[PDB]
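Peer 1: Quick one: the structure is below, and I'll ask about it shortly.
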Amino acid sequence: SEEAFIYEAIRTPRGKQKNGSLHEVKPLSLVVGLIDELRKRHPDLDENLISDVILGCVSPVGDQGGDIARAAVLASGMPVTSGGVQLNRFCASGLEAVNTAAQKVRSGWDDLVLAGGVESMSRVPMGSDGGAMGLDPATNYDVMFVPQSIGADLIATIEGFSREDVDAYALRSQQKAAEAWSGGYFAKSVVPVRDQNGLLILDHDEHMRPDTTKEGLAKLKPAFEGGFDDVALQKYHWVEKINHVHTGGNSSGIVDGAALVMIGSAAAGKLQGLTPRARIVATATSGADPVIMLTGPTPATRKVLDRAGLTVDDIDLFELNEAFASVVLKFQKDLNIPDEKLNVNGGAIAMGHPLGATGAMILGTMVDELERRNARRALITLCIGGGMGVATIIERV
Amino acid sequence: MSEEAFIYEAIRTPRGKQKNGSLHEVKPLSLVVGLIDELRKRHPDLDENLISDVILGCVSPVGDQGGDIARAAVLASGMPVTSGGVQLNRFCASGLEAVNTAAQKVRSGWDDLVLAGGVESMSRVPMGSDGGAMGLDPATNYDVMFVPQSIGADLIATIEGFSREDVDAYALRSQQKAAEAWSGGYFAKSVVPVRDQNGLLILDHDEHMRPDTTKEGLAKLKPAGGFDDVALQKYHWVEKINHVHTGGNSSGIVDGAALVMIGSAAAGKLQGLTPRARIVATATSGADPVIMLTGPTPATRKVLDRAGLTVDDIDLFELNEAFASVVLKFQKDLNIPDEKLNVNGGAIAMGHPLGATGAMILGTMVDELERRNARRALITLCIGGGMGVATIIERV
Amino acid sequence: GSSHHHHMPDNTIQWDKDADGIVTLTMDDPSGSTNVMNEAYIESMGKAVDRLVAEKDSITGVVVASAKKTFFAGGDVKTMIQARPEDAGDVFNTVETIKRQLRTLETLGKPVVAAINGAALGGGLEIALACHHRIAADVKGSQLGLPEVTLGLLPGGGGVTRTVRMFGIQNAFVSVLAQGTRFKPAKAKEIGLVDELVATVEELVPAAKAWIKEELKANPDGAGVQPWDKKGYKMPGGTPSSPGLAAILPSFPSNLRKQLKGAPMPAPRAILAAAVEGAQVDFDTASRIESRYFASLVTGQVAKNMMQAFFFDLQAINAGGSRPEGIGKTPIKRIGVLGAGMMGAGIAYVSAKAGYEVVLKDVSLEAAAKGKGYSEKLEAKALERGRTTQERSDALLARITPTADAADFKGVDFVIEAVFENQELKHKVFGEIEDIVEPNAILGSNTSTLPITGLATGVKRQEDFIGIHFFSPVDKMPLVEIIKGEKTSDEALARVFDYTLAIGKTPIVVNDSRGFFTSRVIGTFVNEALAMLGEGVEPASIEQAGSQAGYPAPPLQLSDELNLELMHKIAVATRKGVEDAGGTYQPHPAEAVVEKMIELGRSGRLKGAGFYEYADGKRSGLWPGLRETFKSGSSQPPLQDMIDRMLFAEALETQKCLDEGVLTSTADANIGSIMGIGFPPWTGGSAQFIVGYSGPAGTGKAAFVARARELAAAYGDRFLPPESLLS
Ligand SMILES: O=S(=O)(O)c1ccc(Cl)cc1
Ligand SMILES: O=S(=O)(O)c1ccc(Cl)cc1
Ligand SMILES: O=S(=O)(O)c1ccc(Cl)cc1
């Protein structure tokens, strides 16, 4: 019935892990800053019309526990009726929050919804919450648990992606992220983080290494080198040995960050004088084998295209999370994606992958790039741990 | 808003108590897997590939309940790897929010068939295990004026004027109506007994129940610094908070899980599923965070307003018995007839497994509507922080 | 009700209360030589525990002793092997009653000491672990451990729960539980399993009561209290919620899966789960969890497979099931080994290690010395790691005498030939020593295929000629295949049988047929893999199927060890063994693959190139040209089909050997296949695999046949079951 429109999509800069700028900042303070920025953009916004606040958080413990969304509603002084709910679908929590927000708008039982994610990995490292598939031997032994990093090396081993092949893509992401910053693409969407006195804490993505050379990427050591290698090959028996191609320079960065997206119906936006920037065309979820794990995007992207009656040639921009270099190359190989349509402003390898917020970050990144290019459609998708996948198609308005 | 969302199955485990409980030795993942294995047992020829998501509520997603307990449930139960799995946390209403989110996913037309429910093994992962921002940030705790849910319930009883006898009277009522519901076999086909890997029985009944409860015994209990002073700093017109709430008139700390199967008319007809109820409307609202528990009053009005119905049109009301004063306030504000409110007992007698309570009391009404052959029922829960969630179901 | 009794048997425990009030529970089961956890024991300990609680006011301490040579070891295996899935309730309540007795004895409020006089294995060690102090007599033969895992079970009498509470999850699993390691009393005290030692069994009870007296004096409040029953107890290595352990904890199921290579052994998986889930809760809840996993294993089929092979079948072999009746013992004074290859050198080592005098002959004194260097380098490894003394190693090597003169075989009464596999060569080697050795000397041959009856014609005393088949490495392989030629006397069998036990190995008696049983059956295993390689299956999937089936060595890797040129010789020998016998041969599909590799100069590791590649001697990766040679990848059958094909081929060929009279018992077939060619222990043997087959079809011999026919339809008629397996 209804249609879901994106009116605002902002995010914090991504501060790195070691000696990072956002380490002193609580993850709640990151989300509050984005709420305070949305107020600046629309001071006469009736926050009573905001019926829910949905935040993704993969490690929802410590500073990120106790429904961090609800704490963002109370600490920011938003109306107590504005809801507040945390969810965790691993690496897609940020996008699943946006998709769930849109599906609540289309159902006619929600008017205007905030969505996004937060993940201070320097304060709450991944795995802090525990988990059954890791810390329970009965189910770990049965589901053949293997970390995401080894499934990425297996993808490169099967698909024949050399160490040079993945490092060649890592340089591409580093270059295209520096160009996007220098070109001013992120200026209106990256809200710098400040303290309680207004002093600047961070204004740029720290994890970027823009002076990266292909010779320096080859100096790095395969960092992801238990019995997970043997556990993986027990499932993929036709593979003899796993070529560990991924290093810290061609894998996603471990950073802190947060993202927010305002989603509502055309009536809700017209009621508050908001200009829609994009429209959620369709969503979809689907995955693949949990051992290789990171092959979930391909069926989910195919499904979201069949649902909206579109094909690859109808999409102007593709945006897949750069969790690992081989994942994107495998994705580009399957759907035959043009090289200039894929992660055009860099990705997680350069700027970082704050688990809970990455889905909403790359989502807003495509909204800002469709408008800058005056293009029509964009597809966002991410690989997920445990073998899942989510995909979303947006249309510029 | 197009696709109608129907409830095809809605089961739950028995609620095992906290101290020397029968479910203390059972990992909360096994409680959910047991319910998944029951749904398969009831529909052996169901193409599980049609199931697109599994949404589970969990208020303490840490330890045995971390790492997307819903995803582990899909993988541990051997469900299709495409069936997804996501954990959400909206405090007490997480179980019902997981159902509403599932129903809203079906209404959006981008999902066909979804499992929705909750899990909470409070004897293994106690409340507060996940920490929280409003406890580890004294600046935030100081600003939001944090008050535990219990003191807010005492404050509600102080304002509305519910005596220690008034709340213990409802506690006796819930205990009685719960024991009658079990004796009548109302829960016979909806409470799936927990069993071990050898098929041996672990639990087949809500063991937190005290069916021989008496008025005198409740009056012998004792009620369970700073938080009182903090609450009165917001509610400055109150002199002293009357502490009426004890362990006998409050919700029970238990272990349990629930599962509800929600899908479209096409998904049910394609798999040969008989729809048992229909989701009519949902709504989210709330109230003051210090009183913390007056949230279900504006949530019930907004869901009735959205369905075009009034209080007179609802046959059964099901409000979570988090605290006795919360129910008595909810009854008084809307004049809910005493024979329409939690007619099969509630959390005071049977327990309150946080992440699963919403999906439990929802399935309780799906079964009671068919038994009485009634049409409409309303399910709502108060939430920590001052929120509220409500849902209306119609029998099919 | 909930009690110390279950649901007529004799008494097992003698009761004695002294003047000081120390009760001595002396276990002395009158229905056997060893204290065994049976229905009689449970009822006996139940009465004693009830009495300890009744007379608590006049009891100051408890001592648990035994009147046998052993403390306590084993259970009623005749009963547990008959437990069905419907019996899971009885199995659960039995171990729960057992642990309820120990838990009461443990929380008695007074110290309990275990006077371990002898072997305290499994259930026996589980009793001592319930005590607050363990004292062991440092005597020969004494061992301590929890070897339930080697029978497909787990320590369900508090063994898993207590060892975790004492050592932590990682140490208790890796060192004690996962492999059921048996410890000598010295190593037992060293790792913390025993608290102190004594030199003789007589000092135990006096020292046990002395410790009780001193404990009540020095530590009054802490008396009779275990570490985990005290406030502020800290589990070693931390709990699963402890951040230090929670970081490495996900690697425990994967490291375990790496060591088992994916084999379907459910016992170590259950032990690890019960260990972790037990450390997450209290002691009582942990033991109840331990019971549910124990009931899971006992009702399983694998536990029956291993209890059949590693208890009943192995004891029937050691009792003399295949040793002829009536024949008596004959000594062995001087062993003469012809040949100093890896077989001859290992044979000389395992014999001298048993205390036998060895004469190691070869055609040159240089070669016989190189053969003895095998024993020297083996003792060097054993001295660097410190498992023997400098003096016992000198006496061992001094018992080996290298030589090249056939006159040094004078005074030899036990001859073991290990020359090349050729009949006329063996005729000459035996012909020039048979008159030099004693007139009663055993003339044994170490041949793998050539029939013994033919080799025996080279000597005059053919009734003393016999096949003594070893396996390399001889110092580690535990089986000796004794082949009975049609002239070999029953006395010759018994002497080789007793010699096999004397050197610490397990024997099987086999009647003389070409290929014998081990070499013939392992050939069908190797040939199935080479057939799969020719069919176009990926080589990595083949080696995976072997390792995941439970085999110690993958089939293609073993095919390089066995040398592919030898496989060609065996195929030729089996062809003319029935072609020149009046019929035609059915060439196995592997024969073409063997010859293609031989044509390409890749005959195996000995050549330096085979299915794998070898650099610096060590194997290093599959040959890259292998995939292009055999069109690998064109055929992608299910992995369970590859696994079942290799297992079924050996199982069916084993059935042939029983039908042909090659083997005389299934116990020899099972243990022979397990210890001789490395058949997976979870199967319980290639003969037990038939009756214990469990797949999608079901469980039983009829399920095996139905699965064998399913393989026969899609892969070849060699999988068609024999008539003996039908109705
Ligand atoms: O009392 S019974 O259940 O017969 C029983 C006794 C001993 C063992 Cl090891 C197993 C069962
Ligand atoms: O039900 S029985 O088969 O007698 C049995 C009971 C307990 C054990 Cl430990 C083993 C067997
Ligand atoms: O302690 S063991 O020797 O592994 C053992 C335990 C139980 C039985 Cl039934 C037999 C033997």
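Here's how to read the names in the structure tokens: chain A, B, ... by the order shown, residue numbers from 1 in each chain, ligand numbers from 1 in the order shown.
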Residues within 9 Å of ligand 1 (only C-alpha atoms and all ligand atoms), as a list in words?
Peer 2: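 So the residues close to ligand 1 are residues 6, 7, 36, 37, 38, 39, 40, 41, 42, 43, 74, 75, 76, 77, 78, 79, 80, 83, 90, 91, 93, 94 and 95 of chain C.
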Peer 1: The selected residues should be written to file as an mmCIF file, in the first residue's frame (atoms: N, CA and C atoms).
Peer 2:
data_model
loop_
_atom_site.group_PDB
_atom_site.id
_atom_site.type_symbol
_atom_site.label_atom_id
_atom_site.label_comp_id
_atom_site.auth_asym_id
_atom_site.auth_seq_id
_atom_site.Cartn_x
_atom_site.Cartn_y
_atom_site.Cartn_z
ATOM 1 N N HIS C 6 18.764 -48.529 43.598
ATOM 2 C CA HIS C 6 18.246 -48.424 42.228
ATOM 3 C C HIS C 6 16.788 -48.874 42.168
ATOM 4 N N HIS C 7 16.566 -50.186 42.102
ATOM 5 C CA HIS C 7 15.221 -50.748 42.068
ATOM 6 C C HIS C 7 15.270 -52.264 42.226
ATOM 7 N N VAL C 36 34.365 -54.482 40.549
ATOM 8 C CA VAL C 36 33.752 -54.082 39.290
ATOM 9 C C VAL C 36 32.432 -53.388 39.589
ATOM 10 N N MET C 37 32.157 -52.300 38.870
ATOM 11 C CA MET C 37 30.924 -51.541 39.073
ATOM 12 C C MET C 37 29.771 -52.298 38.430
ATOM 13 N N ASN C 38 29.060 -53.081 39.237
ATOM 14 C CA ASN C 38 27.927 -53.880 38.794
ATOM 15 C C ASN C 38 26.738 -53.606 39.711
ATOM 16 N N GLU C 39 25.648 -54.350 39.498
ATOM 17 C CA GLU C 39 24.481 -54.195 40.361
ATOM 18 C C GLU C 39 24.803 -54.571 41.800
ATOM 19 N N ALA C 40 25.722 -55.518 41.997
ATOM 20 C CA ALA C 40 26.095 -55.913 43.350
ATOM 21 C C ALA C 40 26.823 -54.788 44.074
ATOM 22 N N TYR C 41 27.733 -54.097 43.383
ATOM 23 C CA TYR C 41 28.478 -53.021 44.028
ATOM 24 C C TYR C 41 27.556 -51.879 44.432
ATOM 25 N N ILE C 42 26.695 -51.444 43.509
ATOM 26 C CA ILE C 42 25.812 -50.311 43.777
ATOM 27 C C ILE C 42 24.981 -50.567 45.027
ATOM 28 N N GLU C 43 24.388 -51.759 45.122
ATOM 29 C CA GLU C 43 23.607 -52.096 46.306
ATOM 30 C C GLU C 43 24.482 -52.175 47.550
ATOM 31 N N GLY C 74 36.631 -51.290 35.919
ATOM 32 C CA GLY C 74 35.700 -51.874 34.973
ATOM 33 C C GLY C 74 34.259 -51.796 35.438
ATOM 34 N N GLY C 75 33.394 -52.381 34.613
ATOM 35 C CA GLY C 75 31.975 -52.458 34.893
ATOM 36 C C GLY C 75 31.359 -53.717 34.320
ATOM 37 N N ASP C 76 30.032 -53.820 34.382
ATOM 38 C CA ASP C 76 29.319 -54.964 33.818
ATOM 39 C C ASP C 76 29.130 -54.712 32.324
ATOM 40 N N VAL C 77 30.179 -55.028 31.560
ATOM 41 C CA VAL C 77 30.142 -54.792 30.121
ATOM 42 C C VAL C 77 29.129 -55.707 29.451
ATOM 43 N N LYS C 78 28.880 -56.883 30.031
ATOM 44 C CA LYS C 78 27.856 -57.775 29.500
ATOM 45 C C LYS C 78 26.470 -57.148 29.553
ATOM 46 N N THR C 79 26.288 -56.104 30.361
ATOM 47 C CA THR C 79 25.007 -55.428 30.520
ATOM 48 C C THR C 79 24.906 -54.157 29.686
ATOM 49 N N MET C 80 25.938 -53.310 29.723
ATOM 50 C CA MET C 80 25.867 -52.024 29.037
ATOM 51 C C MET C 80 25.780 -52.188 27.526
ATOM 52 N N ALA C 83 22.102 -52.234 26.233
ATOM 53 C CA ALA C 83 21.215 -51.111 26.498
ATOM 54 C C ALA C 83 20.645 -50.570 25.193
ATOM 55 N N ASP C 90 16.531 -46.155 32.442
ATOM 56 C CA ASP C 90 17.227 -46.962 33.440
ATOM 57 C C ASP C 90 18.709 -46.610 33.501
ATOM 58 N N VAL C 91 19.329 -46.358 32.345
ATOM 59 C CA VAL C 91 20.749 -46.013 32.319
ATOM 60 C C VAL C 91 20.986 -44.682 33.018
ATOM 61 N N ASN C 93 19.106 -43.289 35.455
ATOM 62 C CA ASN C 93 18.909 -43.427 36.893
ATOM 63 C C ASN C 93 20.005 -44.251 37.555
ATOM 64 N N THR C 94 20.671 -45.134 36.810
ATOM 65 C CA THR C 94 21.738 -45.932 37.402
ATOM 66 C C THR C 94 22.949 -45.068 37.735
ATOM 67 N N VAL C 95 23.442 -44.302 36.759
ATOM 68 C CA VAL C 95 24.602 -43.453 37.016
ATOM 69 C C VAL C 95 24.247 -42.317 37.967
#
Peer 1: Pull out every residue of chain C sitting within 12 Å of chain B, counting only C-alpha atoms, and send them as an MDAnalysis selection string.
Peer 2: chainID C and resid 84:93 239:243 246 270 273:274 276:300
Peer 1: Kindly save the residues from that selection, with N, CA and C atoms included, as a short mmCIF file (atom, residue, chain, number, x, y, z; two decimals), in the first residue's frame.
Peer 2:
data_model
loop_
_atom_site.label_atom_id
_atom_site.label_comp_id
_atom_site.auth_asym_id
_atom_site.auth_seq_id
_atom_site.Cartn_x
_atom_site.Cartn_y
_atom_site.Cartn_z
N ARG C 84 19.33 -50.48 25.13
CA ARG C 84 18.59 -50.01 23.97
C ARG C 84 18.11 -48.58 24.19
N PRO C 85 17.71 -47.88 23.13
CA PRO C 85 17.19 -46.51 23.31
C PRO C 85 16.03 -46.43 24.30
N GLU C 86 15.18 -47.46 24.37
CA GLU C 86 14.10 -47.44 25.35
C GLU C 86 14.61 -47.65 26.77
N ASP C 87 15.83 -48.14 26.94
CA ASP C 87 16.44 -48.31 28.25
C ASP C 87 17.15 -47.05 28.74
N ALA C 88 17.02 -45.93 28.02
CA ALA C 88 17.74 -44.72 28.40
C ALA C 88 17.33 -44.22 29.78
N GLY C 89 16.09 -44.47 30.19
CA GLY C 89 15.67 -44.07 31.52
C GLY C 89 16.40 -44.84 32.61
N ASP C 90 16.53 -46.16 32.44
CA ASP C 90 17.23 -46.96 33.44
C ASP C 90 18.71 -46.61 33.50
N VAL C 91 19.33 -46.36 32.35
CA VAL C 91 20.75 -46.01 32.32
C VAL C 91 20.99 -44.68 33.02
N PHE C 92 20.09 -43.72 32.81
CA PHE C 92 20.23 -42.42 33.47
C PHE C 92 20.12 -42.56 34.98
N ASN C 93 19.11 -43.29 35.45
CA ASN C 93 18.91 -43.43 36.89
C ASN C 93 20.00 -44.25 37.56
N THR C 239 36.17 -20.31 34.00
CA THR C 239 34.91 -20.82 33.50
C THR C 239 34.67 -20.31 32.08
N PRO C 240 33.73 -20.91 31.35
CA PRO C 240 33.45 -20.42 29.98
C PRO C 240 33.12 -18.93 29.91
N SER C 241 32.62 -18.34 31.00
CA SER C 241 32.36 -16.91 31.01
C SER C 241 33.61 -16.09 31.31
N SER C 242 34.64 -16.71 31.88
CA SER C 242 35.90 -16.01 32.12
C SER C 242 36.48 -15.55 30.79
N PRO C 243 36.84 -14.27 30.66
CA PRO C 243 37.27 -13.77 29.34
C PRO C 243 38.52 -14.45 28.80
N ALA C 246 37.23 -17.82 27.38
CA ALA C 246 36.22 -17.62 26.34
C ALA C 246 36.84 -17.22 25.00
N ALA C 270 30.91 -35.72 22.98
CA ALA C 270 30.04 -35.67 24.16
C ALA C 270 30.83 -35.29 25.41
N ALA C 273 31.43 -31.54 25.38
CA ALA C 273 30.20 -30.81 25.67
C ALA C 273 29.83 -30.92 27.15
N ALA C 274 29.87 -32.13 27.70
CA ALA C 274 29.54 -32.32 29.11
C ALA C 274 30.55 -31.63 30.01
N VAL C 276 32.19 -28.68 29.26
CA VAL C 276 31.94 -27.24 29.22
C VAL C 276 30.60 -26.91 29.88
N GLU C 277 29.53 -27.58 29.45
CA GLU C 277 28.22 -27.33 30.04
C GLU C 277 28.21 -27.63 31.53
N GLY C 278 29.08 -28.53 31.98
CA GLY C 278 29.19 -28.80 33.41
C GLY C 278 29.88 -27.68 34.17
N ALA C 279 30.83 -27.00 33.52
CA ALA C 279 31.53 -25.89 34.16
C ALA C 279 30.72 -24.60 34.18
N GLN C 280 29.58 -24.55 33.49
CA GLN C 280 28.73 -23.37 33.48
C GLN C 280 27.75 -23.34 34.65
N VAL C 281 27.56 -24.46 35.35
CA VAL C 281 26.57 -24.54 36.42
C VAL C 281 27.20 -25.12 37.67
N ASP C 282 26.38 -25.44 38.66
CA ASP C 282 26.87 -26.00 39.91
C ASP C 282 27.26 -27.46 39.73
N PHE C 283 27.87 -28.02 40.77
CA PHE C 283 28.40 -29.38 40.69
C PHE C 283 27.28 -30.40 40.49
N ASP C 284 26.18 -30.26 41.24
CA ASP C 284 25.08 -31.21 41.12
C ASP C 284 24.44 -31.16 39.74
N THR C 285 24.16 -29.95 39.25
CA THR C 285 23.60 -29.82 37.91
C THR C 285 24.59 -30.30 36.85
N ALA C 286 25.89 -30.14 37.10
CA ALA C 286 26.89 -30.61 36.15
C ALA C 286 26.88 -32.13 36.03
N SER C 287 26.76 -32.83 37.17
CA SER C 287 26.78 -34.29 37.13
C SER C 287 25.52 -34.84 36.46
N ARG C 288 24.38 -34.18 36.67
CA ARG C 288 23.16 -34.60 36.00
C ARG C 288 23.28 -34.42 34.49
N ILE C 289 23.95 -33.35 34.06
CA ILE C 289 24.25 -33.18 32.64
C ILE C 289 25.19 -34.28 32.16
N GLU C 290 26.18 -34.62 32.98
CA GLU C 290 27.09 -35.72 32.65
C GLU C 290 26.34 -37.04 32.49
N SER C 291 25.28 -37.24 33.27
CA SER C 291 24.49 -38.47 33.14
C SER C 291 23.77 -38.53 31.80
N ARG C 292 23.20 -37.41 31.36
CA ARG C 292 22.42 -37.42 30.13
C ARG C 292 23.30 -37.71 28.92
N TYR C 293 24.54 -37.22 28.93
CA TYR C 293 25.46 -37.55 27.85
C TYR C 293 25.91 -39.00 27.93
N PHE C 294 26.05 -39.54 29.14
CA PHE C 294 26.41 -40.95 29.28
C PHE C 294 25.29 -41.85 28.78
N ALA C 295 24.04 -41.53 29.12
CA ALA C 295 22.92 -42.30 28.59
C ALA C 295 22.83 -42.18 27.08
N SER C 296 23.29 -41.05 26.53
CA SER C 296 23.29 -40.88 25.08
C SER C 296 24.25 -41.85 24.41
N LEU C 297 25.44 -42.04 25.00
CA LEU C 297 26.46 -42.88 24.39
C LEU C 297 26.14 -44.36 24.52
N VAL C 298 25.71 -44.80 25.71
CA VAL C 298 25.51 -46.23 25.95
C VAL C 298 24.42 -46.79 25.04
N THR C 299 23.35 -46.02 24.83
CA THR C 299 22.29 -46.44 23.92
C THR C 299 22.71 -46.36 22.46
N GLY C 300 23.82 -45.69 22.15
CA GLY C 300 24.26 -45.57 20.78
C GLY C 300 24.88 -46.85 20.25
#
Peer 1: Neighbours of ligand 3 within 10 Å, counting only C-alpha atoms and all ligand atoms, as a VMD selection string?
Peer 2: chain C and resid 36 to 38 72 to 81 119 to 126 144 to 157 180 to 182 298 307 310 to 311
Peer 1: Could you build a table of the residues in chain A lying no more than 6 Å from chain B, giving for each the nearest pair of atoms and their separation in Å rounded to one decimal place, using only C-alpha atoms, ordered by chain and ascending residue number, as a tab-separated table?
Peer 2:
residue	atom	partner	partner_atom	distance
A:1	CA	B:1	CA	5.1
A:61	CA	B:130	CA	4.6
A:62	CA	B:131	CA	4.9
A:63	CA	B:133	CA	5.3
A:65	CA	B:132	CA	4.3
A:66	CA	B:132	CA	4.1
A:80	CA	B:286	CA	5.8
A:81	CA	B:286	CA	4.4
A:85	CA	B:90	CA	4.9
A:86	CA	B:89	CA	5.3
A:87	CA	B:88	CA	4.0
A:88	CA	B:87	CA	5.3
A:89	CA	B:86	CA	4.9
A:103	CA	B:108	CA	5.3
A:104	CA	B:104	CA	5.8
A:106	CA	B:108	CA	5.6
A:107	CA	B:1	CA	4.1
A:108	CA	B:1	CA	5.5
A:129	CA	B:62	CA	4.7
A:130	CA	B:63	CA	4.8
A:131	CA	B:66	CA	4.1
A:132	CA	B:64	CA	5.4
A:286	CA	B:82	CA	4.6
A:287	CA	B:82	CA	4.4
A:288	CA	B:81	CA	5.9
A:388	CA	B:84	CA	5.8
Peer 1: Can you check which residues of chain C have any atom within 9 Å of chain A? Use only C-alpha atoms and format it as an NGL selection string.
Peer 2: :C and (240-241 or 243 or 246-259 or 261-262 or 269-270 or 272-274 or 276-277 or 537-545 or 548 or 621-622 or 633 or 636 or 639)
Peer 1: Assign secondary structure with DSSP using the backbone only, and return the residues of region 53-115 of chain A in strand (DSSP E) as a ChimeraX atom specification.
Peer 2: /A:53-56,85-88,112-115
Peer 1: Neighbouring residues of region 311-317 of chain B were defined as those with any atom within 6 Å, considering only C-alpha atoms; residues of the same chain fewer than 5 positions away were excluded. Please report them as an mmCIF file with C-alpha atoms, in the first residue's frame.
Peer 2:
data_model
loop_
_atom_site.group_PDB
_atom_site.id
_atom_site.type_symbol
_atom_site.label_atom_id
_atom_site.label_comp_id
_atom_site.auth_asym_id
_atom_site.auth_seq_id
_atom_site.Cartn_x
_atom_site.Cartn_y
_atom_site.Cartn_z
ATOM 1 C CA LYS B 340 -12.147 -10.382 30.353
ATOM 2 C CA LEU B 341 -8.675 -9.722 31.818
ATOM 3 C CA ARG B 376 -11.245 -10.564 19.066
ATOM 4 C CA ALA B 377 -8.500 -10.445 21.690
ATOM 5 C CA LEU B 378 -5.958 -7.788 22.680
#
Peer 1: Can you tell me, as a short mmCIF file (atom, residue, chain, number, x, y, z; two decimals) with N, CA and C atoms, in the first residue's frame, what residues are no more than 7 Å from residue 409 (chain C) when counting only C-alpha atoms, ignoring any on the same chain fewer than 2 positions away?
Peer 2:
data_model
loop_
_atom_site.label_atom_id
_atom_site.label_comp_id
_atom_site.auth_asym_id
_atom_site.auth_seq_id
_atom_site.Cartn_x
_atom_site.Cartn_y
_atom_site.Cartn_z
N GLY C 336 66.71 -65.63 15.99
CA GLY C 336 67.51 -65.35 14.81
C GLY C 336 66.71 -64.68 13.71
N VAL C 359 69.96 -62.43 17.22
CA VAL C 359 71.05 -62.48 16.25
C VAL C 359 70.50 -61.95 14.93
N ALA C 406 76.37 -67.29 8.72
CA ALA C 406 75.28 -68.18 9.08
C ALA C 406 75.64 -69.13 10.22
N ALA C 407 76.89 -69.13 10.67
CA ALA C 407 77.28 -69.94 11.82
C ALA C 407 76.90 -69.28 13.14
N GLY C 411 72.46 -72.19 18.16
CA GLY C 411 71.75 -71.95 19.40
C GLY C 411 70.47 -71.16 19.27
N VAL C 412 70.02 -70.90 18.05
CA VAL C 412 68.77 -70.19 17.81
C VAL C 412 67.62 -71.19 17.80
N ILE C 433 70.39 -72.30 6.96
CA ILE C 433 70.39 -72.02 8.40
C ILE C 433 69.57 -73.06 9.14
N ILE C 436 71.71 -75.28 11.07
CA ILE C 436 72.54 -74.63 12.08
C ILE C 436 71.74 -74.33 13.35
N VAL C 437 70.46 -74.02 13.23
CA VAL C 437 69.61 -73.72 14.38
C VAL C 437 69.27 -75.01 15.12
#
Peer 1: Mind pulling up the distance from CA of residue 302 (chain A) to CA of residue 171 (chain A)?
Peer 2: 27.9 Å
